[PDB]
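1. sequence first, structure after, both from an experimental entry:
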Amino acid sequence: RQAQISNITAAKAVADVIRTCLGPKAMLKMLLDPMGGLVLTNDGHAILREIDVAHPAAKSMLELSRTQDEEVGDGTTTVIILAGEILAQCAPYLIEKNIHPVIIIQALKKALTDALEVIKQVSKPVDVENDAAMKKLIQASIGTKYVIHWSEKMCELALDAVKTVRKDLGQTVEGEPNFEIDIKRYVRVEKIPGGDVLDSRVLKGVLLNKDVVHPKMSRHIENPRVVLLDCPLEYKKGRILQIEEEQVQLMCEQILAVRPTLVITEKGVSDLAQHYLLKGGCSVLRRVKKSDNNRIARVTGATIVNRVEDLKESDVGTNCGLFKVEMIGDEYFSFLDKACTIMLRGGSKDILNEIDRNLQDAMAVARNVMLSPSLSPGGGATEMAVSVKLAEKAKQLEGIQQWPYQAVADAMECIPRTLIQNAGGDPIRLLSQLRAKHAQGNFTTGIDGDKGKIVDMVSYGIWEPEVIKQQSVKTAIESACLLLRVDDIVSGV
Amino acid sequence: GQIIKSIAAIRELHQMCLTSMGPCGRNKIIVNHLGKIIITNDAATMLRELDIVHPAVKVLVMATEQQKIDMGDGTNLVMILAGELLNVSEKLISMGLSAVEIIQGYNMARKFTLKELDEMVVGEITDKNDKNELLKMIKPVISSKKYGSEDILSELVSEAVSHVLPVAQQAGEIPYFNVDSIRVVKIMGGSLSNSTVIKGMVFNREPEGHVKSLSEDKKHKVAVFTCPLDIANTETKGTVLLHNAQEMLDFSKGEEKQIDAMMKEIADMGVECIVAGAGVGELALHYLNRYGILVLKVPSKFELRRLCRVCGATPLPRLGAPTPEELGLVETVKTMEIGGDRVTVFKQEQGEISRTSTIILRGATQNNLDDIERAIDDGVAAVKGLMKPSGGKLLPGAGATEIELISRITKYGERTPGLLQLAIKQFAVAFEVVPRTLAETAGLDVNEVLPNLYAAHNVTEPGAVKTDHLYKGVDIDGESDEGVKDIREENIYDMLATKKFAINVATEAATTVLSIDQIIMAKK
Amino acid sequence: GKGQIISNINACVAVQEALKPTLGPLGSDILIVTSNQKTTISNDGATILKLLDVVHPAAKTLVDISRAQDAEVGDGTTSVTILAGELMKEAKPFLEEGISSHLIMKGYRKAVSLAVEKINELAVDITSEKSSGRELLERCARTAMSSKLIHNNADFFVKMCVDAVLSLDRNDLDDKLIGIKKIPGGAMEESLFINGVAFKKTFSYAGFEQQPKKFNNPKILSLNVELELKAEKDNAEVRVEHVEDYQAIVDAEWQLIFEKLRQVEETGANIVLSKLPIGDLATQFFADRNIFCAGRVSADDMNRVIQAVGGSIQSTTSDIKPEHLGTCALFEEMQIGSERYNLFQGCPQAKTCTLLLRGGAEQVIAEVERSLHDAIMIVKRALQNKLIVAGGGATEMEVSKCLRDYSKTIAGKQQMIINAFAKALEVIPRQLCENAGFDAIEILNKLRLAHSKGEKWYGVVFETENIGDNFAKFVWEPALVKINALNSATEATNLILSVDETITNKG
Amino acid sequence: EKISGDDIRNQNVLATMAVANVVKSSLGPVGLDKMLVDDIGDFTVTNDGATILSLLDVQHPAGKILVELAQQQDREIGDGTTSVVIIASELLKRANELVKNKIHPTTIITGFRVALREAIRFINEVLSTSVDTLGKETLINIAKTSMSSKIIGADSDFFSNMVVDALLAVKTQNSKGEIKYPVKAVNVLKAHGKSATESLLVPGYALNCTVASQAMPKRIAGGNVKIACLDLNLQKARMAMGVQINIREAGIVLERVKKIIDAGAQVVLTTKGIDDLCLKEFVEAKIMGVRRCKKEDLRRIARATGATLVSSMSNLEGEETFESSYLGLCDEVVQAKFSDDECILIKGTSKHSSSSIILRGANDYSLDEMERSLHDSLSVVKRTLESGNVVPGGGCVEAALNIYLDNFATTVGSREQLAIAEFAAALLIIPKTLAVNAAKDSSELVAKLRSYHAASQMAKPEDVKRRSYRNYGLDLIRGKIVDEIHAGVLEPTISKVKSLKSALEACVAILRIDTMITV
């Protein structure tokens, strides 16, 4: 039983620090570094990352926060408090009451299913095609930030970025894709220095920063022909200049058989091959990455070919609008316009770095709406509404599975409790009236963060997507069953 | 958290009472300062020999005397219930709820609990005082103290109660069933099967006189004389002194004519028995044996007090005045051999109903025989709760009452608005210690009998009254068995005077502890 | 908590460990030194536990239950404690596994209830079948005397042992009624039996060569006061100036002594016994009348004289009644042992007797006297109780055998509890083989071989190491011992395991 | 330092106690795992007891014997290493208790070797080959508990009978009469046509592929048909796609077609497809062509139909289809309307001993999970039926050897009787630790299970009985005594044979050490 206590002690001591980090009114934290520095930021991600821990239970919460941030952009402290309170509420049952841990784990599996059903009942429908409705959603990650002034332009960049990746289809044959969108590879932003944020547009295609091998080239091509290749064009290896100039010309003549208007070489391009393809009316781009060829083949359609003599006749330049050598910001660009490219602009490098983390968290809220047209009330409304429904279902729950079940109902009230403690109101008086409010009034009545008195969400909606509530409850049960599964501690190799 | 540390000190005493209540409980060894080993189930002896300093435990000791003096049962019910109320209150003290509003929550829940106790009454005794009717009250009292004697001691105790309790109704002026009305004696040898019930006080002195027993005549007149048997002298001093041998002949012959003249009038009045509370002379035994008067001597003044409540005799400080108002009546006086020693007993047949009886106990081991005497003595005061002050009603026992009160109190918790709902909900949770106590002592699994017990009390009845099971108790068996028994099978129930009075004492005991936020002491 | 229960386990084993070498007739003896500075060595568990005075409350329970065993029965006080404390060790590993102590105690009462039923089945009532009247008690006495230094002389010892029991009423028999006086020196086979009572003869005073030891029917009279001239403490202070009065006060003090002295002659009793020393004055006047007197007699021997000839003790010599006198058939004073010993013979009303023992040393005779007490209890209980059971490993191994088969039909924790109680019964035959020098490892395994062949009477031979039947060894035990031992050991064990906490108050 | 006497015997028990306590909580499927932290600060967690013992740091040299025991156990059986350590733990605890009894450890070791040889002969007199495989399937409970976490678990009652009966007919002679169950078989397909309740069992391998033209008949050559597996397409051959033509190929691909119809093969499988010119030519010959065949499918068909998959045929500049050389024997090839499904049913052939299962469900999202869940399910069934003799688990062997060796110890009656009695009771720790992680009371289910084997084994040696059922195990989910034969929990017998043999070799080496010298 000594290791079971350490799992509770190590998990609570780390989670207790970030209990005050939840909400817009969250209090600041001070972390003194051994080198003499301090951390003034209240973000739970930057605090616990710099805190060195010993017991492995704290390291499990660090990897859980990194995985949770890849799904949702906000609500990092919500998952830690919810997953840490369930273990804290099971402390008297597992230790004092001598309840077997598998009985608790078995009860958390059935409580996870009922928890997801209550969220779907209190959820409200939302139109994903309405551009005006999506502005009030992303606004949760907009306000109290530098992007509040450009929010009108920021929402246009966030919505138009996921429209290219998303695919809307359904049927009973191939199933439902559930609107799978990849923000990482396709929606990856590209920060270009200079320009203006108002001029930032969503570019559909791929972008490359490498310049053109020749200074003077055609600024636009009517029908661009894209040809992809692997092996570079150079004199091969087993009076001399006559053979070297002829060998390169023969390798370039095979490409000119179809007379392409553009030449793309994966490896470097020698100076001998640049003069032969210059008079042919085609641009040559040296040093093209291999990972880009997969994305370039989608915006173009050129088949990947290794040897220069293996080029297939099926290669065409279709599905390419224009080719622009135009220079923006003293840097030569290339415009080849399921995958778009986000072009970010600003007045300095510090502006681009701030928009980066802000736009990623802005699109994470819009992405969660695409997984399903449902929203949940914030400010502790959904957290308390579930706890009220958990106590009503206990009438059929008689048997040993009922005792660990009560630890979940008290854990759902911990999220609104931390907001009241940071608000300054009486936590006993407000939580008692809030729990009785759901038993009579509607489930949509939450708690205001600025005031701290029970109010209806009709005034200020603060509508969070269901994915935030889903992943918070799902990962909390998995984290609770993770520490309860390990009853022993053994060190050494 | 000094108020929390005061609860931790009671927690050490709380675990002591968990092994007390119940037939599967444990007995504690009490070593007296005189070097005597004392082992008993009743915990009032432990708290009496142990002086308490800290107030939180001392209030529980004073609360034990409140339950012990007024009733012979429920001493463990108050100590366990009041100790759990402070344990469940640690969650409210931690959250920041002040101990002032915690007391207000128990006061509102106490009135709601006492109101539901009147609806928990199923059956009621008709006060018939039948041999079979007295078994239902005494059987749960013998339990939780001595195991295996429950069926044996049921018929022995119920026989003596009906002899000392008259049959009357609608009269509350004259009190009945005094504490001293039942005496219990023990002797080495034999067994519990050979034990008998005597209708009067048994005297252990031997019949030194030549008259062993009286005749078969009805209503033998008995006389209780405090003055010793000798020649009539002055009540104040009057010590006979010896001077010369010539006066010795007058002293011997003087006592012969005076005693024979005074005892002749006593035998003519019909008095065949004389009780002498002091020493008896040699010449007194000569005249009483020729007239057929049985000589009985009782040097102990404690036994003469209970004798006056049987035959109605009164002790006479002087000698030679046979007042008829001071004379008693006895049906039969004989001499029986109890435990190998022949002693003169006191009993009667079909007349002059006696208010004092004596139960003769027999056992192989003297150590365990003394514990049986204490279990029966504790069972006497339990009968006192059957009188007019709500002694006819009864509540289901064996843990059946504490489980039903959970669904009743928790229903009013969410219904009553305000901050009092936190203490009301936790007030019903504290009742879970009673079923868990019987489960830990009986070796049953707390993860099986306890959770399945709530499923028996929770049913769906197409009506406005929950019914069809009043009988669900807690299993006291020591052998593995599927399910639990019923209350009707063993007729194990709790009295109304025991349950209702224990609630008011338990609430006031935990209130004083929560009311103390600090202590003030001075140098001795 | 659980710490107090574990502390009580080692307390019961410590008391049990001291009684293990004392189990059995051949077992070792324990040395106990009382605060009285008196050396006491005995193998009887009663006297052992009474002289220890253990302050531990649970260890005192094992002492208190031994007194109850000595009261009802009186035999087996050592084995009842060993069996009671054995359950403490068997239940020790069960406490750490989480098994409640009440479930363990509950399984014992169900096993003992089934064990008592098997005792009546193994008890066969036999009296005149294949046995005679005289040879019945003689064959039982040679069993307890075997493997002893008296085995060669046991032929003459059984005749004196059987006659000592038959000399008393078969309805009421007591071991205290048979007196034993140790005589230092002499041959062991020359001992004789005495019908009356004898004393130590501590009389140190001169006046010998008188009061002959050959009597016909002398009258016995009890003496109280002192008949010698000079008193022990007080005296008479007389101040006279006359020379003739100095001799008068000498006879004046003697005249008051001769008053009660002459009244003894008026009674006409040749035997005078007194708890106080009789000086040379009384024995000188009694020499001419052939009247014997002996002083400094123990109080325990005076009570046997009253029960012998039906005498009485009177304070003075005046009011002595004639019916208080008594007489024997023959009085002979034996010089055996370099000391003269008075004895009575031929008392028909005597409720007690005396058996004289002779040997090479006092320490050798002390082992013979105690080895005889074990044989007397077997001879005494033979006529009292007709239900006997086979002992010496016979019954002990079968009670544990049946509980193993009955546990297979029982489900739950009580299955291993009865098996633990059946295993706890193996300590009784173990210590018997260890205290006898035999190997306990081999005999325990070899005995279980024939024990499973269907015969329940196979015991353990105490003479030569081997397995066999005790029926031919003439090892008999009454049924009341085996029944009360299982009940007393279980009752004492149930009280020890029921103590969660030990509270001790100083003052 | 040098330690001798009984002091080292107590240190060897305490050293192996902490090592054995590591795997006691991980035994059984209900067991729990733990994390192993190194000096760097990293860690890992796994439910396998062999991985934990491999990374376990044992400082005492006495506990290092169990470390080498885990490596030797994995090289042979590879499973059951967790249970081996627990068995050797109780053997050391009971042997140390006999030290106070003045029993020499060699006699204790000798008694364990005699009881081991008798336990081997006892296994052959109880167990036997798999029975009751007709009219019922006991293996249905293995796949049901594995798929209970998926939607298929609801309908798994009907699907379990299809999987168990499948592998029953998959067993073939392999190479020279092996009679074994292969690890690759029963091609799984998907059907979106109807609900999962309507899933039908196909008697043989069903190839998933489409046709080219609807003019050809879907059923031809019912009596016998020869399937010819091909790789390169029948389309006009191309030289290169990178060379420009500035100014035979059809006659080469058409010449091999002449060798097809003349060979009598009515089934042509081409991985790269078939042109339209070679299509109509097959219509007049009633040959059913298939375009874009799967390469992984034809390699299994070649071994099933007796053909040989060849990418290109040359044979010294020769051109032909190798008539009758690659042509296999297939009884019938029929194509029927599957109600929104299209597959090629291959029923009979020379020698196949194969089977197939086509799964049907609501959508493709559910069918993707049904195929992955069937792989991990049947894989346990493959390893279960791989051994010719199987034993039920749940503590049946440990309880049977406890009662059997109890009466067998009477054959000596001198010394080994005390060692055999402790060796038989030492196996009771295995069923006891299973109830600890199952939340059930260990003193109940283990004790009640012993009472059932007591009366059941009385009439077994007498060869006369009325109703006797052995193999009573432990049910961890429901906490009750059930028959493992009807439950269907099986274990390879070679495990326990090598488990009890290896566990003793590690226990003997520990009891034979009376001195430890550490320099």
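-> Perfect, I can see it now. Numbers count the residues shown, from 1 in each chain, chains lettered A, B, ... in the order given.

2. check for me that residue C:102 belongs to a helix.
-> Yes. Counting by DSSP: H, G, I helix; E, B strand; the rest coil, residue C:102 is located in a helix.

3. touching, it and residue B:442? I think so.
-> Yes. In this structure, residue C:102 is within contact of residue B:442 by C-beta atoms under 8 Å, at 6.7 Å. Every C-beta, even on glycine, is put in place using the N, C-alpha and C of the backbone.

4. list residues touching both of the two?
-> Residues touching both residue C:102 and residue B:442 (C-beta atoms under 8 Å, 6 or more residues apart in numbering or on different chains): B:24, B:478.

5. spatially central residue for the chain, please.
-> Just so you know, I chose chain A. Centroid-nearest residue in chain A, with C-alpha atoms, centre = their mean: residue A:70, separated by 4.5 Å.

6. that's the wrong chain, I meant chain D
-> Of all residues in chain D, the one closest to the mean position by C-alpha atoms, centre = their mean is residue D:383, 2.0 Å from it.

7. could you look up the SS state of whatever residue of chain D ends up closest to chain A?
-> With C-beta to the nearest C-beta, the shortest gap between chain D and chain A falls at residue D:57, namely 2.8 Å. Using three-state DSSP, the structure places residue D:57 in coil.

8. check the gap between it and chain C for me.
-> Counting by C-beta to the nearest C-beta, to the nearest Å, the separation of residue D:57 from chain C is 28 Å.

9. can you pull the contacts of that residue?
-> With contacts defined as C-beta under 8 Å, 6+ apart, residue D:57 is in contact with A:491, A:492, A:493.

10. give me phi/psi at the closest residue to residue D:199 other than its chain neighbours?
-> Distances taken as C-beta to C-beta, 6 or more residues apart in numbering or on different chains place residue D:360 nearest to residue D:199, at 4.2 Å, with adjacent residues excluded. When read as degrees, to the nearest 10, the backbone of residue D:360 gives phi -120, psi 140.

11. break down the chain into its strands, ranges please.
-> In the absence of a named chain, this looks at chain A. Assigned by DSSP state E, chain A shows strands spanning A:31-32, A:38-39, A:124-125, A:189-191, A:202-203, A:228-229, A:262-265, A:283-285, A:341-344, A:374-377, A:445-447, A:454-456, A:463-465, A:489-491.

12. chain B was what I was after
-> So, for chain B - with DSSP E - the strands run B:28-31, B:37-40, B:182-188, B:197-198, B:220-225, B:271-276, B:294-297, B:328-330, B:335-338, B:341-344, B:357-363, B:394-396, B:493-495.

13. each with direction, which strands does the fourth one pair with?
-> Based on DSSP bridges, the strands next to strand B:197-198 in the sheet, each with its direction, are strand B:357-363 (antiparallel).

14. and the angle from the strand it pairs with to strand B:182-188?
-> Strand B:357-363 and strand B:182-188 meet at an angle of 30 degrees, taking axes from the mean of the first three to the mean of the last three C-alpha atoms, to 10 degrees as the criterion.

15. which residue sits closest to the one residue in the stretch 301-450 of chain B that gets nearest to chain D, ignoring its sequence neighbours?
-> Closest contact between the stretch 301-450 of chain B and chain D, by C-beta to the nearest C-beta, is at residue B:445 (5.9 Å). Closest residue to residue B:445 apart from its sequence neighbours, by C-beta to C-beta, 6+ apart: residue D:441 at 5.9 Å.

16. and that neighbour, how many neighbours?
-> A count of nearby residues for residue D:441, using other C-beta atoms under 10 Å in any protein chain shown, gives 21.

17. was I right about it contacting residue B:444?
-> No. Applying C-beta under 8 Å as the test, residue D:441 and residue B:444 come out as separate, 10.0 Å apart.

18. what sits up against stretch A:108-124?
-> Contact partners of stretch A:108-124, identified using C-beta under 8 Å, 6+ apart, comprise A:86, A:374-377, A:382, A:385-386, A:389-390, A:393, A:401, A:404-405, A:408, A:443-444, A:463, A:466, A:469-470, A:473-474, A:477, A:480-481.

19. list the buried residues for that stretch?
-> A:108, A:111, A:112, A:115, A:118, A:119, A:122, A:123 (16 or more other C-beta atoms under 10 Å in any protein chain shown).

20. my guess is residue C:289 contacts residue C:264. True?
-> No. Counting by C-beta under 8 Å, residue C:289 does not reach residue C:264; the two are 9.8 Å apart.

21. skipping its backbone neighbours, what lies nearest residue 412 in space?
-> You didn't pick a chain, so chain A it is. Leaving aside its sequence neighbours, residue A:412 sits nearest to residue A:387 (C-beta to C-beta, 6+ apart; 3.6 Å).

22. try again with chain B
-> Using C-beta to C-beta, 6+ apart and skipping residues adjacent in sequence, the residue nearest residue B:412 is residue B:112, 5.6 Å away.

23. distance check, that neighbour against residue B:231.
-> Counting by C-beta to C-beta, to the nearest Å, the gap from residue B:112 to residue B:231 is 75 Å.

24. distance-wise, check residue C:71 relative to residue D:416.
-> 46 Å.

25. what about stretch D:389-398, start to end distance?
-> End-to-end distance for stretch D:389-398: 18 Å, by C-alpha to C-alpha, to the nearest Å.

26. and it with chain C, contact?
-> No. Figure legend: stretch D:389-398 not in contact with chain C (C-beta under 8 Å from any C-beta of the partner chain); closest approach 15.2 Å.
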